[PDB]
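Engineer: here is my input, please return the structure:
(2 chains)
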Amino acid sequence: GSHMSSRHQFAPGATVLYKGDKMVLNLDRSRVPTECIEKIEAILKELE
Amino acid sequence: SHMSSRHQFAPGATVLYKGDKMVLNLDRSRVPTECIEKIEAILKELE
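Structural biologist: Residues are numbered from 1 along each chain as shown, chains lettered A, B, ... in the order given. Shown next is the structure:
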């Protein structure tokens, strides 16, 4: 929310909720540049 | 459940896709630092 929030918005449709060590990234493919989504999916693929 | 996908890249790195939304769960105590840093770099350039 607006007060005491662990959620940060980098851009519309791109937010991160911090939960200590764990974090949740919400990415809206209708709003976040496709290039950004692909770069992130590429990084995740490498982890595999 | 036919309206989404769930995938695990490594322990502590899983994603849920539903509609236009991509929800990535990252456990930084289990996912390599390099990986987390490259993702953060991408988000910041977006800012």
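Engineer: how about the helix or strand containing residue A:41: buried residues?
Structural biologist: Using DSSP states H and E, residue A:41 maps to helix A:34-47. Buried residues in helix A:34-47, counted by 16 or more other C-beta atoms under 10 Å in any protein chain shown: A:36, A:37, A:39, A:40, A:43, A:44. C-beta: built from backbone N, CA, C; applies to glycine.
Engineer: which among those are in contact with chain B?
Structural biologist: A:36, A:37, A:39, A:40, A:43, A:44 (C-beta under 8 Å from any C-beta of the partner chain).
Engineer: spatially nearest residue to the third one (excluding sequence neighbours)?
Structural biologist: Taking C-beta to C-beta, 6 or more residues apart in numbering or on different chains, and ignoring the residues beside it in sequence, residue A:39 has residue B:42 as its nearest neighbour in space, at 5.3 Å.
Engineer: so that neighbour sits against residue A:41, correct?
Structural biologist: No - look at residue B:42 against residue A:41 with C-beta atoms under 8 Å: they stay out of range, at 10.8 Å.
Engineer: can you name the residues bridging to residue A:9?
Structural biologist: With DSSP bridges as the criterion, residue A:9 is bridged to residue A:15.
Engineer: what about it, neighbour count?
Structural biologist: 12 (other C-beta atoms under 10 Å in any protein chain shown).
Engineer: pretty sure it is touching residue A:15, no?
Structural biologist: Yes - taking C-beta under 8 Å as the definition, residue A:9 is a contact partner of residue A:15 at 4.8 Å.
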